[PDB]
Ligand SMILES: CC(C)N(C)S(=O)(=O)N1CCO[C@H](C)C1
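What follows is a single chain, given as structure tokens, in the form deposited without this ligand.
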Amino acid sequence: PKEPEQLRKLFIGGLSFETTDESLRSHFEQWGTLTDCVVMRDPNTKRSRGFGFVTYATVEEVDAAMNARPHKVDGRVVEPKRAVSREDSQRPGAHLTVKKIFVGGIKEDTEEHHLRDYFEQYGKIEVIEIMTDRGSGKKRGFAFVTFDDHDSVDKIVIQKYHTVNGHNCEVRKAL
């Protein structure tokens, strides 16, 4: 059972106009088997649009490619991004590239270390903010986690489930 193809794709932005299907593939095959690899071009001029896509055979290969950033492809540092659902987008077909998540449903007994221990395996955490009531100081049952990079957030929001401190949590991109 293969993971859905959408979860195995990387958009590669910022390409050199000299990058080709072949040179993009040669580069990105270092991190996995590529089932597809295309440079987007103008339909009339064939001039590169400056972005392309690669599709790996597995999600672990996507992760390996993302963990090997920064990627300098044909002399230019490119911008890889994995796909997320429309619910974590501001408009169809656009990526909301952010470093912060909202975590809801954690109630009053969840502490900073619960969030750190769980989320640190998705990326490097810079800020954990457990939200408390402005008047009483009581925990409100939600938090924000800020990472050093957007791929952590992208991996997080595409999971169907997050269980933190025994709670089934709602997690979404923030700001």
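Quick note: we count residues from 1 along the sequence shown, nothing fancier.
If you look at the other compared entries where the surrounding residues are built, does residue 105 lack coordinates in a third or more? In all of the other entries, residue 105 has coordinates.
Is residue 79 without coordinates in at least a third of the other compared PDB entries of this protein that model the residues flanking it? Result for residue 79: never missing in the compared entries.
Taking the mean of the C-alpha B-factors per stretch from the entry, tell me the winner out of 24-32 and 121-129. The deposited B-factors put 121-129 ahead on the C-alpha mean.
Do the C-alpha atoms of 78-86 or of 91-99 have the higher average B factor in the entry? Averaged over C-alpha atoms, the B-factors run higher in 91-99.
Quick one: which of 150, 47, 69, 139 shows the highest Cα temperature factor in the PDB entry? Answer, based on the entry's C-alpha B-factors: 139.
Lowest, middle or highest third: where is residue 173 by Cα B-factor in its chain? Middle third.
Considering only modelled residues of the same chain, in which third does the CA B-factor of residue 165 rank: lowest, middle or highest? Residue 165: CA B-factor falls in the highest third of its chain.
Determine, from the deposited record, the chain-internal third of the Cα B-factor for residue 115: lowest, middle or highest. As the PDB entry reports it, the C-alpha B-factor of residue 115 lands in the highest third of its chain.
Considering only modelled residues of the same chain, in which third does the CA B-factor of residue 109 rank: lowest, middle or highest? Answer is highest: the recorded C-alpha B-factor places it there.
Only in words, not in the display: the form deposited with this ligand bound, which the text now covers.
Along 126-164, which positions have a non-hydrogen atom within 4.5 Å of this ligand in the bound PDB entry? Going through 126-164 in order - heavy atoms within 4.5 Å of this ligand in the bound PDB entry - the hits are 142, 144.
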